[PDB]
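Here the structure is laid out as structure tokens; the discussion comes afterwards.
Lettered A, B, C, D and E in written order, each chain numbered from 1.
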Amino acid sequence: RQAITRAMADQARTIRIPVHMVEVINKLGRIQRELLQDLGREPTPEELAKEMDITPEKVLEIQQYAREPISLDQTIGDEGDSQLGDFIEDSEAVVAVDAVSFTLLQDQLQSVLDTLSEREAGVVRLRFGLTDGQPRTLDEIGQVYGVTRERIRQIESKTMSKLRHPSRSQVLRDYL
Amino acid sequence: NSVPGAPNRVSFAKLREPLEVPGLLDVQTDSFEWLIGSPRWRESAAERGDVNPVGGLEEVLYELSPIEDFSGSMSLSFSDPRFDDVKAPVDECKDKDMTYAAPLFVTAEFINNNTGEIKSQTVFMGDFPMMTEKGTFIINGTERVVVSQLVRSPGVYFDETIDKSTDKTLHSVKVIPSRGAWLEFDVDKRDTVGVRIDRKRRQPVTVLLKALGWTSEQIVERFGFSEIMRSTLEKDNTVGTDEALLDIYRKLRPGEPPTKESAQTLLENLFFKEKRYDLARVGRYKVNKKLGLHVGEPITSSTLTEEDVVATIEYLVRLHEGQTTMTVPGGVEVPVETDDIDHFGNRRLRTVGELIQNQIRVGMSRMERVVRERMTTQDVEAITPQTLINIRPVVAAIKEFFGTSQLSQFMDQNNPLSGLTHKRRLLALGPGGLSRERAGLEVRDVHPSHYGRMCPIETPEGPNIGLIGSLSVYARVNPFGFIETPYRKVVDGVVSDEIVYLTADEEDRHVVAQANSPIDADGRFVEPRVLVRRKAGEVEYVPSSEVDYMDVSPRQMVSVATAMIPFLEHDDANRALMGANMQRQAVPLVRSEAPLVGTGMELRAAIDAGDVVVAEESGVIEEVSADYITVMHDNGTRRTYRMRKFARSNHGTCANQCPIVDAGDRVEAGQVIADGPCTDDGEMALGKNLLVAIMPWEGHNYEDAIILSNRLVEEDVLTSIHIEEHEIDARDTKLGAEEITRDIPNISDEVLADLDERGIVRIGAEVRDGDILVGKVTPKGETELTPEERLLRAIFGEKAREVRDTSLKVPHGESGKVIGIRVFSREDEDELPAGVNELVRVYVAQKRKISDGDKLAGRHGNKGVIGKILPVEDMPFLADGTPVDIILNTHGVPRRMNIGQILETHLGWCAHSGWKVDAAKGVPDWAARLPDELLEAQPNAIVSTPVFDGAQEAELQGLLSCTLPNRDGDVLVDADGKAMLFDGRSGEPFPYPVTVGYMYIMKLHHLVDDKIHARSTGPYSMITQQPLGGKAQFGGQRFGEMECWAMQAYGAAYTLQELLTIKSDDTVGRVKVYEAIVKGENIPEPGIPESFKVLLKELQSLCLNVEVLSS
Amino acid sequence: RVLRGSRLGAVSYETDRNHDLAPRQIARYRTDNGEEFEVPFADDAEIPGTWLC
Amino acid sequence: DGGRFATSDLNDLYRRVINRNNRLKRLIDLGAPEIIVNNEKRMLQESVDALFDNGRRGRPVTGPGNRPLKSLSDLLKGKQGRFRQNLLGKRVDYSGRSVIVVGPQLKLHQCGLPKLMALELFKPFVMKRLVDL
Amino acid sequence: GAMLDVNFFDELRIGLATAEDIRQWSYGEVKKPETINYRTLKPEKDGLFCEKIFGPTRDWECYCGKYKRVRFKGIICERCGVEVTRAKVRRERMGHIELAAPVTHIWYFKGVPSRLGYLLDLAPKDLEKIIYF
């Protein structure tokens, strides 16, 4: 009976739950069926948390663990050919206007960096890693530039003051 | 008449019918209070005898009472189910989404056989969803209606076919019980028998005859005078009593050693004990009427008996020979006949009480199994019925029926007529019956006993034709679940006023005359040869002595909704079908004006639909208001009547209740005090009365299109109200908890200027598409950003805004003011779903004007969308200056055979302008049978033509002769019915006069913004990569198979490739298509579709090497 | 009305540079039945001598 | 929403095959009577058979509500299979639907269109044009 | 014949897949019936969603989160064991289950005629008494 209960705790759910949480789920379910029977009405979870001497938020987390998932292969619609798995909005998919917006933003930003000088563009590009994917620091930029990192910070403050013209960057204010 | 607040609707009704229309929702209410065992039902059933009337709950309990253990050591009874009050009132349950329940209390009692004690607890059985006043149920706030269902009654059905090969008419019989197994007595292709039982693949009569224990000579004195009995007595091939017992038993078991003594009793178990096999009291009455055995004794013995069994096989072999009538040894004779299932004597109606009783039965069985299970496991002197009984599967069965069944349904309530006709529907085949795809058209046809018992006109017009027929008007359900129909009995030619309610059986015992039959005004006919309905479903002429029953009235065979289509006897059945389906699809207008021409059914149909608040007790108004009516009764007491102003129905439409009485008004009992949605002055009103010309106008009314004047748009004549509900919830999550607030990231205060200080929009805020209703923000978490995003943030100084805005936005197209803010909170300690901290519902309402495309219809199925709303100046106007409102098409009238609408148009003009026929000769000849106080009429006076006794051609044209002028001396409409129209557009008079009049049309619930639906790029599916269709989303169009065929047939390869790759499934292709469009560059080449790669991966996963070769 | 879902994973939108990568070693692995496997580790990466191939 | 997970009914079959194979490997490395070993192999065989086609042999493996698990062959055969559905046709972008009315002044190569719908259809074209202007 | 999807084939040769081809296609033996951890909602190790087997769920993200950008590409994190790439190759890469005891495909066994019994000239019931033990 130990091996049977161990197997029913291990391999009886689509998501694996370690056996102690299955045990407290079964204790909660036993207490809940007993309370719905003998109370007559449905128990409140705060009363259940008093009953199992635990906190109601832990009771809610255990109930959240208790919900077994449903399948996607049930004929949920009124039509038998209608599938439940079709009617799911893929909220983690390509929104496809923001991608081309992002590409156009990249090109306009390249134009804006083209409107400035060479040292400025190199400093901002190597600073935020826009040209490669690696944000280097001011010490690396002064290493590749042969000047102090404090000079890089002064160049940084100059470029950020240069960027913060709304007359220059209304086209980038539009991009947010 | 006979209703105090009825409007003075004059009628053409020549026939005077003595029977009044019944209490239309009695089919729901009597069934449910039979299930309760209401005291009202108790005395009502004690009226018609029935010395032991039993509520259905008491029936299920007394069936289950008592429950033994296995060893006989103890017993558990059940006794007296009783109720408490309701848990909550109606609108409170509807608001808080609670089911309108009531507790069940049961005097349970346990008794030990060992020592002997009573254990008389009072077990609370469950909260029970009580029926409302209007015969409906409320489940989770929504209004739910259980529908009456038709099934074959349990009994013995002798049905025979003749084979195509040997031409031998083989005779089968299905003894189908309630709840049990199917034993049969068929006949094989030889001269043997098909007593093959519950599909046990071989059985003759003899093995059961000696499994009965009888001998071959005992077969001979039972089956004796047939080649069937000789050939089966020689084709027994298993002789011996207990030999046939063990033969039956080894056919029953196969897979185990048998035992002979169990073979004698398992036969008595599976058919003759009343513990697992019980055809009901209904089917037992059916059998005892079929064979005439239990004629002098009341209904009992719900299992089988061997006398009836051998009588059934004797009936089988005698109809196999062909006999006229059979008396059994021990029974009066009954006519030997076939059995047609479609006859209503064989089709019982399982109403809502029978359905709930079946679900209580299966719940009690599934808890009784646990009771018997734990009975042995529990120790003595330590138990009680509270320790024994699990009511959790019982309440699970009740809730699993009321939610998520087929028979439970949302109350289709866009108007009170659709409420009334979503009640009183009969579903012919479904759960507990045949499937829709399995059923042919023998169910779909109309058996000739449907006359008065089910309306042949009203049905869905889709694939479900004839499966869903409504109840008739005067029909009444039997205690046995049969459909009684009232009849005036005629004795010696004198038709009495003894109304007798008749089932289909006593319909077939007799012959029945018609209401259109000239009585002597003293009871007798004036002609000896009368139309009659022969009991074989035929029509004859008969001497006027032999008829014993007459119809109560005309319109007995028609539905409730179909009883409201005037001039029905001129219309065709197809267009009447479309009109009767079109009646219960109107939307309630803001004015809700009564039709100028109707039947006598509008008034009673309104006040019985429940959607009009009735003056309950006769009193005087103490105070009127807009929300309540304080009546003052004649003895001290007072009562308010809270109006439900702007309640949302189940289809978005409004449900206002404007009061109709004033301050000093004295009302009577059963008087209308407040019109509902589609009611005027008490009676029903599904639309407005409208001027109409029947000319074809400029191709805008082409192929059943309608045009309208702009006067409807400007004067708000056709204007519904659509209260739409939006609802969002504040849950918790893994990253924290969602919250509702004013703070939305990366957003301006301009869009935020309408919502309140805590996030919701205030009452009265006008919204548009894409506005915010509930400002809701969830914890996004913290992710790494793109460097360009980081650089823009560093330029503008803004933070990451680490919480994701997923706020409720009002979706596309919907607009209007915000009426109500229904908001709930878990912190406010209401009951809420698991994890939801706040639930907020927002009601938005738009006052939709009429528009081009809105599906309009008449009352005869003469439907059509609005083609073009013309301005009122270039609309063809009547010669006094009145512009007509709508202009139909002529060519849709004759070839659809619905000139009921033309007769209605003429009568509408007559009743609009008013008339006064001449009295110089008194009564002109056409006006003879025309009833009095109709020879004159004031203008704008309503009239009522009943269904099959109404206006006639001669009366209509003679009344259209004198049609008193408007204000001047101007008879605008000739005796032909037409009128001369000047063209509002050109200016010339139209060279031929045109039929005009006042048709009564409605506006249907098929409006354009419910349907207009477009998508460029929206959400996608999850597993497949297709654009997710459906108007709830942005939604594509299903480019189906035949469209692929057609675009193949054009040879357009490229457009097909676009439609199947880069508008559908090419994932990287779609963004490149979008990029090429907004960059203005050429559309790139379509790549491989995603669904094909899905197929490739599945076929690789099925251990199939799908090599795809290039060269 | 519409029920939505999200497969629990992050989706970015960048440029697939086949030129500007972190350079990397390749470690050849030999299993128990002599099977060769070439796991690409990074350059700056400790190579475990054992590896579930 | 609310964390309601949705499986795909093949994970249960895969879990059963994985579990039975692991158990069989454990019993083989342990040493067991051959009735047990052959019984586990038979269970593995029935599991694989139902994973490819549920209900092809014996009784179909079902789940909650006794609904049979949509196995691998079920994705191909039947009306819900890949072949019939892919032949049935897909929903498309840049589409839309509406009710129709008569157009008795239009020319023959012409159809009316509501601006509220044609705005939704031609959104990328109209975006490109009004960002060029 | 190349599966590199260049939209020109003119040929499509179905055929039986050998056990060598099945173990050739895969990316490691999935060996645990654990799909998603109940607490962290991340895929379990060597289970039916294991990112080392199939691929990462987050774009160019190793599972432990050491390497996280597209500069690290085509490599495998030595700690977490997940090759860094896009998320859409999780649609693509198959895994295999190794078996302790062999298995007969039901598509060659429950057919009319059973191709196994027709290759070995045996009854169907011979097969249902052999590979059901």
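Odds and ends about this structure:
Basically, contacts are C-beta pairs under 8 Å (C-beta built on N, C-alpha and C of every residue); 3 or more make two chains touch, one makes a residue touch a chain.
Chain centroids computed from C-alpha atoms place B closest to the centre of all protein C-alpha atoms shown.
Between the interfaces A-D and C-D, more contacting C-beta pairs are found at A-D.
The centroid of the Cα atoms in chain B and the matching centroid in chain E are 51 Å apart.
With centres defined as mean CA coordinates, chain E is found 17 Å away from chain C. If you average the Cα atoms of chain D and of chain E, the two centres end up 18 Å apart.
Separation between the centroids of chain A and chain E, computed from CA atoms only, is 28 Å. Counting only residues that touch two or more partner chains, chain E has 33, 35-36, 41, 70-71, 105, 107. Contact with two or more other chains is made by residues 11, 14-15, 64, 67, 72, 85, 87-91, 93-94, 99, 102, 132-133 of chain A.
Within chain B, the positions touching two or more other chains are listed as 734, 786, 834-835, 1017, 1019, 1022-1024, 1026, 1028, 1030, 1033, 1067, 1070, 1074, 1078-1079, 1099, 1101-1102. Under the stated contact rule, the graph of chain-to-chain touches is complete, every pair of chains being in contact. Every pair of chains that touch is listed here: A-B, A-C, A-D, A-E, B-C, B-D, B-E, C-D, C-E, D-E.
Those residues of chain E whose C-beta lies close enough to touch chain D in the complex are 30-33, 35-36, 48, 97-101, 103-107, 110, 131-133. Across the complex, chain D is touched by residues 3-5 of chain C. On the chain C side of its complex with chain B, the touching residues are 1-2, 4-5, 7, 10, 12, 14. Touching chain E in their complex are the following residues of chain B: 734, 784, 1067, 1085-1088, 1093, 1097, 1099-1111. Of all the residues in chain D, the ones that touch chain E in their complex are 5, 11, 14-15, 17-19, 21-22, 24-25, 28, 38-39, 41-42, 44-46, 48-49, 52-53, 56-57, 73.
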